[PDB]
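J.: So that you have it, the file is final_34.txt, and it contains compact mmCIF, C-alpha atoms:
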```txt
# COMPACT_ATOMS: atom_id res chain seq x y z
CA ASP A 482 19.05 -7.77 71.92
CA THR A 483 16.02 -9.21 70.12
CA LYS A 484 14.94 -12.40 71.88
CA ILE A 485 15.06 -15.50 69.69
CA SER A 486 11.43 -15.75 70.78
CA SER A 487 10.16 -13.21 68.25
CA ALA A 488 12.08 -15.06 65.54
CA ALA A 489 10.28 -18.25 66.59
CA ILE A 490 6.70 -16.98 66.61
CA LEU A 491 7.54 -15.11 63.40
CA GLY A 492 8.26 -18.39 61.63
CA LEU A 493 5.06 -19.97 62.93
CA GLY A 494 3.01 -16.95 61.85
CA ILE A 495 4.34 -17.38 58.32
CA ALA A 496 3.83 -21.14 58.62
CA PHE A 497 0.09 -21.63 59.07
CA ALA A 498 -0.48 -18.09 57.80
CA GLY A 499 -3.00 -19.11 55.14
CA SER A 500 -4.57 -22.16 56.76
CA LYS A 501 -7.86 -22.00 58.66
CA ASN A 502 -6.94 -25.24 60.41
CA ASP A 503 -8.78 -25.82 63.68
CA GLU A 504 -5.60 -27.59 64.80
CA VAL A 505 -3.09 -24.78 65.28
CA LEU A 506 -5.78 -22.90 67.19
CA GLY A 507 -6.65 -25.99 69.23
CA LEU A 508 -3.05 -25.74 70.43
CA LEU A 509 -2.43 -22.00 70.58
CA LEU A 510 -5.59 -21.09 72.48
CA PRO A 511 -4.81 -23.51 75.35
CA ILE A 512 -1.20 -22.36 75.54
CA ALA A 513 -2.73 -18.88 75.60
CA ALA A 514 -5.43 -19.60 78.18
CA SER A 515 -5.24 -23.22 79.30
CA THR A 516 -5.46 -22.05 82.91
CA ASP A 517 -2.14 -23.60 83.93
CA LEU A 518 1.29 -23.11 82.36
CA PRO A 519 2.80 -19.63 82.90
CA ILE A 520 1.63 -16.60 80.92
CA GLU A 521 4.91 -16.11 79.07
CA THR A 522 4.61 -17.98 75.78
CA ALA A 523 0.92 -17.26 76.32
CA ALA A 524 0.89 -13.53 75.56
CA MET A 525 2.96 -13.93 72.39
CA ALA A 526 0.73 -16.75 71.14
CA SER A 527 -2.36 -14.61 71.66
CA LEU A 528 -0.87 -12.15 69.18
CA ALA A 529 0.10 -14.93 66.78
CA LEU A 530 -3.56 -15.83 66.27
CA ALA A 531 -4.70 -12.21 66.02
CA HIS A 532 -2.33 -11.84 63.07
CA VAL A 533 -3.83 -14.87 61.34
CA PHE A 534 -7.48 -14.50 62.34
CA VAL A 535 -6.89 -10.76 61.95
CA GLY A 536 -9.75 -10.74 59.45
CA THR A 537 -12.14 -13.56 60.32
CA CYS A 538 -12.62 -13.48 64.09
CA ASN A 539 -13.55 -16.80 65.68
CA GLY A 540 -15.64 -17.37 68.81
CA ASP A 541 -13.49 -19.63 70.98
CA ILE A 542 -11.13 -16.66 70.84
CA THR A 543 -13.12 -13.61 71.93
CA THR A 544 -14.53 -16.05 74.47
CA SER A 545 -11.23 -16.92 76.13
CA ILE A 546 -9.82 -13.43 75.68
CA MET A 547 -13.01 -12.04 77.21
CA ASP A 548 -13.32 -14.55 80.04
CA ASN A 549 -9.79 -13.33 80.76
CA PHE A 550 -10.25 -9.58 81.16
CA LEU A 551 -12.91 -10.64 83.67
CA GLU A 552 -11.78 -13.73 85.56
CA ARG A 553 -8.22 -13.18 84.36
CA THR A 554 -7.06 -16.14 86.44
CA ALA A 555 -3.96 -16.63 84.28
CA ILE A 556 -2.15 -14.90 87.17
CA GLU A 557 0.50 -17.44 87.67
CA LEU A 558 2.71 -14.46 86.84
CA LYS A 559 2.60 -10.77 85.91
CA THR A 560 4.82 -8.02 84.52
CA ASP A 561 3.85 -6.23 81.31
CA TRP A 562 1.71 -7.64 78.50
CA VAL A 563 -1.69 -5.98 78.92
CA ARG A 564 -0.53 -3.60 76.20
CA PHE A 565 -0.16 -6.17 73.42
CA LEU A 566 -3.21 -8.03 74.71
CA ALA A 567 -5.52 -5.01 74.63
CA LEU A 568 -4.23 -4.17 71.15
CA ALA A 569 -5.38 -7.54 69.82
CA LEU A 570 -8.90 -7.11 71.21
CA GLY A 571 -8.91 -3.95 69.09
CA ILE A 572 -7.70 -5.23 65.72
CA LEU A 573 -9.52 -8.43 66.64
CA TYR A 574 -12.18 -7.18 64.24
CA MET A 575 -12.00 -5.85 60.68
CA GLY A 576 -12.91 -2.30 61.69
CA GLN A 577 -16.34 -1.08 60.62
CA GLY A 578 -18.80 -3.18 62.62
CA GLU A 579 -21.20 -2.50 65.48
CA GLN A 580 -20.06 -5.89 66.76
CA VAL A 581 -17.46 -4.22 68.98
CA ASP A 582 -20.12 -1.86 70.33
CA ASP A 583 -21.92 -4.87 71.81
CA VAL A 584 -18.74 -6.26 73.36
CA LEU A 585 -18.12 -3.02 75.24
CA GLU A 586 -21.66 -3.42 76.56
CA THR A 587 -20.54 -6.64 78.24
CA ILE A 588 -17.44 -5.11 79.81
CA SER A 589 -19.64 -2.29 81.11
CA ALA A 590 -22.32 -4.69 82.36
CA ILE A 591 -19.71 -6.17 84.69
CA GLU A 592 -17.81 -4.33 87.41
CA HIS A 593 -14.01 -4.46 87.48
CA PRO A 594 -13.13 -0.81 86.72
CA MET A 595 -9.55 -1.96 86.14
CA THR A 596 -10.05 -2.62 82.43
CA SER A 597 -11.39 0.93 82.21
CA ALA A 598 -8.16 1.99 80.51
CA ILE A 599 -9.06 -0.47 77.75
CA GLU A 600 -12.65 0.71 77.45
CA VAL A 601 -11.10 4.06 76.52
CA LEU A 602 -8.79 2.47 73.95
CA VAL A 603 -11.29 0.50 71.87
CA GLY A 604 -13.95 3.13 72.57
CA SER A 605 -11.90 6.05 71.28
CA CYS A 606 -11.47 3.97 68.13
CA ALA A 607 -14.20 2.82 65.74
CA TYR A 608 -17.52 4.51 66.49
CA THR A 609 -18.28 6.70 69.50
CA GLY A 610 -15.15 8.85 69.53
CA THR A 611 -14.32 10.76 66.35
CA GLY A 612 -16.07 14.09 65.79
CA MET B 1 -42.03 -15.13 77.52
CA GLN B 2 -39.61 -15.54 74.62
CA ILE B 3 -36.10 -14.42 75.55
CA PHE B 4 -33.08 -14.30 73.25
CA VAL B 5 -29.53 -15.47 73.94
CA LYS B 6 -26.64 -13.89 72.05
CA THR B 7 -23.41 -15.90 72.16
CA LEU B 8 -19.93 -14.37 72.05
CA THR B 9 -19.32 -16.40 68.90
CA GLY B 10 -21.94 -15.01 66.52
CA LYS B 11 -25.39 -16.53 66.97
CA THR B 12 -28.66 -16.01 68.84
CA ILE B 13 -31.07 -18.43 70.51
CA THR B 14 -34.79 -17.96 71.17
CA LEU B 15 -35.72 -19.77 74.38
CA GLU B 16 -39.25 -19.74 75.79
CA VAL B 17 -39.14 -19.16 79.55
CA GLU B 18 -40.99 -17.39 82.35
CA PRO B 19 -40.33 -15.06 85.32
CA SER B 20 -40.49 -17.84 87.92
CA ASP B 21 -37.94 -19.77 85.87
CA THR B 22 -34.66 -20.28 87.72
CA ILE B 23 -31.42 -19.28 86.00
CA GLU B 24 -30.37 -22.88 86.59
CA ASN B 25 -33.36 -24.12 84.61
CA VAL B 26 -32.37 -21.78 81.78
CA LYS B 27 -28.76 -22.98 81.65
CA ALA B 28 -30.15 -26.50 81.36
CA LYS B 29 -32.39 -25.59 78.43
CA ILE B 30 -29.29 -24.22 76.72
CA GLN B 31 -27.22 -27.34 77.32
CA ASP B 32 -29.99 -29.22 75.53
CA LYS B 33 -29.98 -26.80 72.61
CA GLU B 34 -26.22 -26.74 72.04
CA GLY B 35 -24.08 -28.91 74.31
CA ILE B 36 -22.32 -26.53 76.68
CA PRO B 37 -22.22 -27.84 80.29
CA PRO B 38 -23.77 -25.63 83.01
CA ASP B 39 -20.53 -25.61 85.00
CA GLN B 40 -19.27 -23.79 81.91
CA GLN B 41 -21.62 -20.89 81.18
CA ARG B 42 -21.96 -17.15 81.79
CA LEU B 43 -25.23 -15.28 81.28
CA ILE B 44 -25.16 -11.49 81.40
CA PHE B 45 -28.03 -9.03 81.05
CA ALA B 46 -28.69 -5.29 81.34
CA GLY B 47 -27.52 -5.04 84.95
CA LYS B 48 -25.02 -7.80 85.72
CA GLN B 49 -24.52 -11.56 85.66
CA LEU B 50 -27.31 -14.05 86.36
CA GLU B 51 -26.52 -16.28 89.34
CA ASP B 52 -27.85 -19.82 89.75
CA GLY B 53 -31.04 -20.37 91.75
CA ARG B 54 -32.44 -16.85 91.39
CA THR B 55 -35.34 -16.39 88.97
CA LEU B 56 -35.51 -14.38 85.75
CA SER B 57 -37.91 -12.18 87.73
CA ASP B 58 -35.23 -11.11 90.21
CA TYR B 59 -33.29 -9.53 87.35
CA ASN B 60 -36.53 -7.98 86.10
CA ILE B 61 -35.67 -9.74 82.84
CA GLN B 62 -38.61 -9.13 80.51
CA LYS B 63 -39.44 -10.76 77.18
CA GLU B 64 -37.32 -10.31 74.07
CA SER B 65 -34.37 -9.76 76.41
CA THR B 66 -30.91 -10.38 74.95
CA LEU B 67 -28.83 -12.62 77.21
CA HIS B 68 -25.09 -12.42 76.56
CA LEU B 69 -23.84 -15.99 76.95
CA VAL B 70 -20.11 -16.71 77.24
CA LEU B 71 -18.11 -19.90 77.78
CA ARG B 72 -15.59 -20.45 80.57
CA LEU B 73 -11.98 -19.29 80.25
CA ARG B 74 -10.41 -22.21 78.39
CA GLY B 75 -8.77 -23.00 75.05
CA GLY B 76 -9.54 -25.38 72.19
CA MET C 1 -9.17 -48.22 68.15
CA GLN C 2 -6.00 -46.12 68.05
CA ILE C 3 -6.51 -42.67 69.56
CA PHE C 4 -3.94 -39.87 69.38
CA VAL C 5 -2.93 -37.54 72.21
CA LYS C 6 -1.27 -34.31 71.08
CA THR C 7 0.64 -32.44 73.78
CA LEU C 8 0.50 -28.65 73.99
CA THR C 9 4.15 -28.67 72.95
CA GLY C 10 5.60 -32.13 73.57
CA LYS C 11 4.51 -34.89 71.19
CA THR C 12 1.61 -36.91 69.80
CA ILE C 13 1.16 -40.09 71.82
CA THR C 14 -0.93 -42.92 70.36
CA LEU C 15 -2.84 -45.29 72.64
CA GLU C 16 -4.96 -48.30 71.70
CA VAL C 17 -8.29 -47.95 73.50
CA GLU C 18 -11.97 -48.76 73.00
CA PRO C 19 -15.39 -47.06 73.31
CA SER C 20 -16.09 -48.73 76.66
CA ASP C 21 -12.78 -47.43 77.99
CA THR C 22 -13.07 -44.99 80.89
CA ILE C 23 -11.21 -41.67 80.80
CA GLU C 24 -9.53 -42.57 84.09
CA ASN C 25 -8.24 -45.71 82.38
CA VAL C 26 -6.75 -43.64 79.56
CA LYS C 27 -5.00 -41.29 81.97
CA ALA C 28 -3.48 -44.43 83.47
CA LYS C 29 -2.10 -45.56 80.12
CA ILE C 30 -0.50 -42.13 79.75
CA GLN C 31 1.06 -42.19 83.21
CA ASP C 32 2.67 -45.50 82.25
CA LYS C 33 3.97 -44.10 78.97
CA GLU C 34 5.39 -40.80 80.20
CA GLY C 35 5.39 -39.99 83.92
CA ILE C 36 2.53 -37.55 84.46
CA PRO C 37 0.27 -38.60 87.38
CA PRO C 38 -3.52 -38.61 86.82
CA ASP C 39 -3.98 -36.04 89.58
CA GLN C 40 -2.03 -33.83 87.19
CA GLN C 41 -3.73 -34.44 83.84
CA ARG C 42 -6.54 -32.89 81.80
CA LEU C 43 -7.81 -34.29 78.50
CA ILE C 44 -9.41 -31.54 76.42
CA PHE C 45 -11.29 -32.18 73.18
CA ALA C 46 -12.90 -29.60 70.89
CA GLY C 47 -12.64 -27.29 73.91
CA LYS C 48 -14.76 -29.76 75.88
CA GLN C 49 -12.88 -31.06 78.92
CA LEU C 50 -13.37 -34.76 79.61
CA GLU C 51 -14.24 -35.78 83.17
CA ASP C 52 -13.12 -38.96 84.93
CA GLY C 53 -15.37 -42.02 84.96
CA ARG C 54 -17.09 -41.30 81.65
CA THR C 55 -16.12 -43.42 78.64
CA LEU C 56 -14.63 -42.52 75.26
CA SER C 57 -18.02 -43.61 73.94
CA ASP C 58 -19.92 -40.95 75.87
CA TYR C 59 -17.99 -38.21 74.08
CA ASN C 60 -18.35 -40.14 70.83
CA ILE C 61 -14.55 -40.09 70.66
CA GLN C 62 -13.94 -42.32 67.64
CA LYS C 63 -10.68 -43.74 66.31
CA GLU C 64 -7.69 -41.61 65.35
CA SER C 65 -9.26 -38.97 67.60
CA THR C 66 -6.90 -36.11 68.45
CA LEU C 67 -6.99 -35.44 72.19
CA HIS C 68 -5.42 -32.24 73.50
CA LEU C 69 -3.40 -33.21 76.56
CA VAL C 70 -3.42 -30.26 78.95
CA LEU C 71 -2.11 -29.82 82.50
CA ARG C 72 -3.83 -28.31 85.53
CA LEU C 73 -3.15 -27.42 89.16
CA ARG C 74 -5.48 -25.33 91.33
CA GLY C 75 -7.29 -25.49 94.67
CA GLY C 76 -7.61 -22.76 97.29
```
Would it be possible to restate this file's structure as structure tokens?
T.:
Amino acid sequence: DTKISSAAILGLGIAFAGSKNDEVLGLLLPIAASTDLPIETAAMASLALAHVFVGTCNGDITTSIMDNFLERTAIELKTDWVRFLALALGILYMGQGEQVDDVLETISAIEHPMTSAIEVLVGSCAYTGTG
Amino acid sequence: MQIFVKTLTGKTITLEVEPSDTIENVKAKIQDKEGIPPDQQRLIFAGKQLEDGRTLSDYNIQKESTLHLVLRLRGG
Amino acid sequence: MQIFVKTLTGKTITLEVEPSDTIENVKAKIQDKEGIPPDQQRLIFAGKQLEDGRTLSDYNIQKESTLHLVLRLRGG
């Protein structure tokens, strides 16, 4: 059934929910992209932040998350998590903002047609899509 | 020429360079502006990524060009 | 001064060091405390990874400084 994991992260999310402390992040980010430890507790964490920084998007984030879709590295393992990850990159922003438009420009500027699926996700959303 | 550098955080930088300038020289100028180490930088421009050594001329990078700068894949 | 070393998910170790202390030296103090060998350590601060040799003074690392102890292992 439900893995005690969700219950854990859930508590943390409600813990530093309203606290723009550069500490929690200084710990989550690494565990999410410290280029070492597995990618298990990593994926989840990534979402944890998204929930908090759901509104105000930081830099160190989009930076690591971005440098990931490209270099990826964090390859120690693999199974199924690109779904939740991609989702974050989407809600990563508030919604109405050409900011995302620029980002896509970066993903397009670089090869790696593997993330294509994503380009269609974020793209379809926000601007350039509806009609 | 005066080229711009847009970071993935939310800020731009106006650096005065030239065509003969080597990407390496640029990265250095940045390290002096902010504090990011060369071994930890990623410059992208309309075309692809700028490799070290080459010159801004190779990438036909003109003036007022926006350079997408991104840090290495880390956490902190 | 007394610097702190927070582990990704272990504990916050406190070590008495100085500004003239070399990173390598610090890593040694940690290896003596826990059991992690230097060739398997990685002190990260404000996202800026500290290299061996340098001193806690070069990074301006003052007292009660929180150092993010991270692990690493790559080469191929």
J.: With all atoms listed in the file as the atoms that count, which of B:54, B:29, B:42, B:48 lies nearest to residue 71 (chain B)?
T.: B:42
J.: After a least-squares fit of chain C on chain B across every C-alpha pair in order, what's the RMSD, to one decimal?
T.: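 Least-squares fit of chain C onto chain B, C-alpha RMSD 2.9 Å.
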J.: Pick out the residues sitting within 9 Å of region 506-515 of chain A, and hand them over as an MDAnalysis selection string; count all atoms listed in the file, and ignore anything fewer than 3 positions along from it in its own chain.
T.: (chainID A and resid 501:503 518:527 529:530 541:542 545:546 549 555) or (chainID B and resid 73:76) or (chainID C and resid 6:9 45:47 68 70:72)
J.: Looking at A:601, A:568, A:547, A:490, which one is nearest to chain B, with distances taken over only C-alpha atoms?
T.: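 Distance minimum relative to chain B lands on A:547.
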J.: Check the smallest atom-to-atom distance from each of C:2, C:57, C:10, C:51 to chain A using only C-alpha atoms, then report the winner.
T.: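 When distances to chain A are compared using only C-alpha atoms, the smallest one comes from C:10.
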J.: Could you check how far CA of residue 43 (chain C) sits from CA of residue 67 (chain C), in Å to one decimal?
T.: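 About the pair CA of residue 43 (chain C) and CA of residue 67 (chain C): they are 6.5 Å apart.
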